[PDB]
Number of protein chains: 2
Amino acid sequence: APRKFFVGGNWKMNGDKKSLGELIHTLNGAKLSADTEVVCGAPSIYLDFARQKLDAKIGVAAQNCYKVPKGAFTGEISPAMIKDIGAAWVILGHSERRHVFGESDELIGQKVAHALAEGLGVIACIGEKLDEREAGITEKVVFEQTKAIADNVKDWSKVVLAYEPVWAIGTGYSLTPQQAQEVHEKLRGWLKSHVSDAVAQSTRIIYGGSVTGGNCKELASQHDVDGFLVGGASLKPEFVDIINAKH
Amino acid sequence: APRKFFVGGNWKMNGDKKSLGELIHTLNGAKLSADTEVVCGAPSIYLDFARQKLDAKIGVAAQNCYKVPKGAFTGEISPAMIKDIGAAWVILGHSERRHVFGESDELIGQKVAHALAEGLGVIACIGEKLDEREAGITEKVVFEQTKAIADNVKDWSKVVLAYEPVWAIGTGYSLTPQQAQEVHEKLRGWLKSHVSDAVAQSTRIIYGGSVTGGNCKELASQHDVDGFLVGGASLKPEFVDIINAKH
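Residues numbered from 1 in each chain as written, not as in the entry; some residues may be left out. Chains lettered and ligands numbered in written order. Heavy atoms only, no water.

Considering the packing of aromatic side chains
All names here are of chain A. With the rule as written, the count across this model stands at eleven aromatic pairs over all chains. Geometrically, the ring pair formed by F5 and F228 is edge-to-face, given 5.9 Å between the ring centres and 90 degrees between the ring planes. Separated by 223 residues along the polypeptide, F5 in the segment before β1 (6–10) and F228 in strand β8 (residues 227–230) bring together distant segments of the chain. For the pair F5 and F228, a shared accessibility class is recorded, and that class is buried. (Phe/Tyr/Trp six-rings, centres within 6.5 Å; stacked < 30°, edge-to-face > 60°. Helix = DSSP H or I, 4+ residues; strand = E, 2+ residues; numbered from the N terminus. Buried < 20%, exposed > 50% of the residue type's maximum accessible area, 1.4 Å probe, protein only.)

A few points about the environment of A:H194
Residue and element names in this part refer to chain A. Within the element layout of this structure, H194 appears in helix α8 (residues 177–194). Separated by 44 residues in sequence, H194 and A150 place their C-alpha atoms 8.9 Å apart. Only 2.7 Å separates the side chain of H194 from the side chain of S193, close enough to count as a polar contact. (Polar contact = N/O pair within 3.5 Å; in protein donor to acceptor, adjacent residues only side chain to side chain.)

Comments concerning the UniProt feature "active site" in chain A
What UniProt calls "active site" maps, in this numbering, to A:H94 and A:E164. What stands out for the annotated residues spanning 71 residues is how close their C-alpha atoms remain, the widest pair being 8.5 Å apart. Inspection of the secondary structure puts A:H94 in the loop between β4 (89–92) and α4 (95–99). In this view, A:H94 contacts A:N10, A:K12, A:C125, A:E164, A:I169, A:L229 and B:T74; residues no more than four positions away in its chain are not counted. Secondary-structure assignment places A:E164 in the loop between β6 (159–163) and α8. (UniProt positions renumbered as here; feature names shortened; annotations may be inferred. Contact = heavy atoms within 4.5 Å.)

So, the pairing of strand β1 (residues 6–10) of chain B
Residues and elements named next belong to chain B. In terms of burial, β1 is a largely internal element, five of the five residues being buried. Residue alternation in β1 divides its side chains into two sets, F6, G8 and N10 and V7 and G9, and both sets are buried. Two elements, β1 and strand β2 (residues 37–42), share five bridges in a ladder whose sense is parallel. Looking at the pairing, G8 lines up with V39 of β2. (Pairing = 2+ DSSP bridges.)

Focus: helix α5 (residues 105–117) of chain A
All names here are of chain A. Here α5 spans 18 Å end to end across 13 residues, near enough to the 18 Å set by a 1.5 Å rise per residue. Where α5 starts, the residue carrying a side-chain oxygen 3.3 Å from the main-chain nitrogen of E106 turns out to be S104. Looking one or two residues beyond α5, the residue adopting positive phi is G119, at roughly 90 degrees. (Expected span 1.5 Å × (residues − 1).)

Considering the interface of chain A and chain B
Chain A puts 36 residues into the contact, and the matching count from chain B is 36 residues. Three residues stand out in chain A for area buried against chain B, namely A:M13, A:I45 and A:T74, and they jointly supply 28% of the buried area on that side. Linking chain A with chain B are four salt bridges. With its nearest N and O atoms 2.9 Å apart, the salt bridge here joins A:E76 to B:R97. Applying the counting rule to chain A against chain B returns 23 residue pairs in polar contact. Looking at the side of chain A that touches chain B, the elements that each hand over two or more residues are α2 (47–53), α3 (79–84) and α4 of chain A. Here the residues of the side of chain A that touches chain B sort into 16 nonpolar, eleven polar and nine charged. (Buried area = accessible area lost by both parts, 1.4 Å probe. Salt bridge = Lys/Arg side-chain N within 4 Å of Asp/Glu carboxyl O. Nonpolar A, V, L, I, M, F, W, Y, C, P; charged D, E, K, R; others polar.)

Considering unusual backbone geometry
Despite not being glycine, A:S210 has its phi angle at roughly 65 degrees, a positive value. Looking at where A:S210 falls in the secondary structure, it is placed in the loop between β7 (204–208) and α10 (216–221). Take A:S210: its relative accessible area is 17%, and that puts it in the buried class. Look at B:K12: it is not a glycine, yet its phi comes out positive at around 60 degrees. Residue position: B:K12 is located in the loop between β1 and α1 (17–29).

Things to note about the packing of helix α7 (residues 138–150) of chain A against α8(A)
A pair of packed helices is characterised by two quantities: the angle between their axes and the separation of those axes. All names here are of chain A. At a closest axis distance of 11 Å, the pairing of α7 and α8 adopts a crossing angle of 45 degrees. Relative to α8, the element α7 is oriented oblique. The hand of the α7/α8 crossing is right-handed. Side by side, α7 and α8 meet where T138, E139, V142, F143, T146, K147 and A150 of the first sit next to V183, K186, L187 and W190 of the second. Looking at the contact of α7 with α8, its residues break down into six nonpolar, two polar and three charged. (Axes fitted to C-alpha atoms, helices over the stretch in contact; angles between N-to-C directions. Parallel < 35°, antiparallel > 145°, perpendicular 65-115°, else oblique. Left-handed = near helix turned anticlockwise from the far one by under 90°.)

With respect to the nonpolar core
Nonpolar side chains in soluble globular proteins tend to end up buried together. A:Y207, A:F228, B:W11, B:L47, B:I82, B:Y207 and B:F228 are the most contacted members of the largest nonpolar core, which totals 149 residues. Contact partners of B:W11, with chain neighbours within four places excluded, come to B:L20, B:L23, B:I24, B:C40, B:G41, B:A42, B:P43, B:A50, B:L54, B:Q63, B:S234 and B:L235. (Core = buried A, V, L, I, M, F, W, Y, C linked by side-chain atoms within 4.5 Å.)

Thoughts on the sheet that holds strand β8 (residues 227–230) of chain B
Residues and elements named next belong to chain B. What the eight strands build is a closed barrel, ordered β1-β2-β3-β4-β5-β6-β7-β8; its pairing is parallel. This sheet shows a mean twist of 25 degrees between the axes of neighbouring strands, independent of strand direction. The sheet contact formed by strand β3 (residues 59–62) and strand β4 (residues 89–92) spans two bridges and is parallel. Within β4, the residue paired with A61 across the bridge is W89. This element, helix α8 (residues 177–194), spans β5 (121–126), β6 (159–163) and β7 (204–208) of the sheet and lies at about 150 degrees to β7.

Some words on the pairing of β3(B)
All names here are of chain B. Where burial is concerned, the two faces of β3 agree: the one with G59 and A61 and the one with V60 and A62 are both buried. Handedness of the β2-helix α2 (residues 47–53)-β3 crossover: right-handed. What joins β3 to β4 is helix α3 (residues 79–84), and the crossover it makes is right-handed. (Right-handed = clockwise from strand over helix to strand, strands pointing away.)

Thoughts on the packing of helix α5 (residues 105–117) of chain B against helix α7 (residues 138–150) of chain B
All names here are of chain B. Interhelical geometry of α5 versus α7 gives an angle of 35 degrees and a closest axis separation of 8 Å. Remark: the crossing between α5 and α7 carries right-handed chirality. Facing α5, whose interface residues are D105, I108, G109 and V112, α7 presents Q145, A148 and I149. A class-by-class count of the residues in the contact of α5 with α7 yields four nonpolar, two polar and one charged.

Side note on the pattern of salt bridges
Tallied over the full model, the rule gives 29 salt bridges over all chains. Here B:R97 and B:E103 are joined by a salt bridge, their closest N and O atoms 2.8 Å apart. Judged by its relative accessible area of 4%, B:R97 is buried. B:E103 sits in the buried class, given a relative accessible area of 9%. When salt bridges with common partners are traced through the structure, they connect A:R3, A:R188, A:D224 and A:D226 into a single cluster.

The following block contains the structure:
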């Protein structure tokens, strides 16, 4: 029953073979609680390298992929490829995809469906913009986004939901345990009414947005927060402390 | 003086380590004219592998990249990383990038400025849609696109221009020698007046769009056609014949 604590580190567009080699080496030797399910999202160009060097017990995620195994889509990679170099995860719908690169709710949905069908795990990301929180429609927005994802999920066994206030990524500012809980509580209440009780109880909803070693203990303490999507801090040694938020 | 024949093979979103390893092993063995400058665009996830396996004498290109070395751009790779695995080329502004992934003239122009500054070569792509060619405005559109590129090029020595009628990609239909020449002649003419005669006389303008082993001899024979950007045929054995289009 109990939802296994889940921490993904999203390196974004960072590192080279040597810098990432050192990051991975530290992580492999770090004292980590076995309690935590760790996944590292590597730049596409280093996915094969990352999977080779990381301990088999730490997962590897592509930071994005497309919705078909092959085709005339210059610049894109597919789940078939991600599988081919031994990774088992993809991050889809990240805020930067949606808002920097105009990836639509409808497209993220198609991508989720294909990724799951090909046997990847999906970290599906949702989140409201600052103007959206200003007008008071956070719930309305993340429900919308979650629905586009959920329409395309037959089986939640290999999905993790990452809630990430867009306005909290990379800025100095995270939500605070209570604010976070209010939205994670809502997303789970949504999976309750729109999917099933068993899915709401077993599906991990994780918070991202300026997570640090200094603020994670308190966030993880919240009942409906099952872990983190970690941006900046995933490049640093304190990623270890965030993996251990609960211990 | 004479502009060296350039043939790039854009594998698009295709292959795995085994299929791409076989394609590569054939190409390394094939009887190819030294005459020709060959570059293969591999999926980002296989760039390192591709460069390792391909003979040094054949170039490798990323099929896309972003416009800063590092940063919060989930899913992107930079010239820095492309360099870091030993590749020296990037394809920018591919039809699929502009019209499937919405990439603007201004962004492409930014990417070109950055890739060149970081010491990659660029295959910069331009091309008109079927509906734009119907309205008689092929000239206007490829000029528009080339200006966005040329505004951002201080040095043309490592740029190659690829003209690729969008509607001709992946369909059964290429332009025919005459229709292609009309455009290449015109694009050179634009470089002549907008940049210089020495840039116009030294810069390679290559054609893409359903180039096969069966039609390439005739296309390459045209005076202002300096090579090919090759899609589907690049996966096949007949890529060799296209590299050999002049002999």
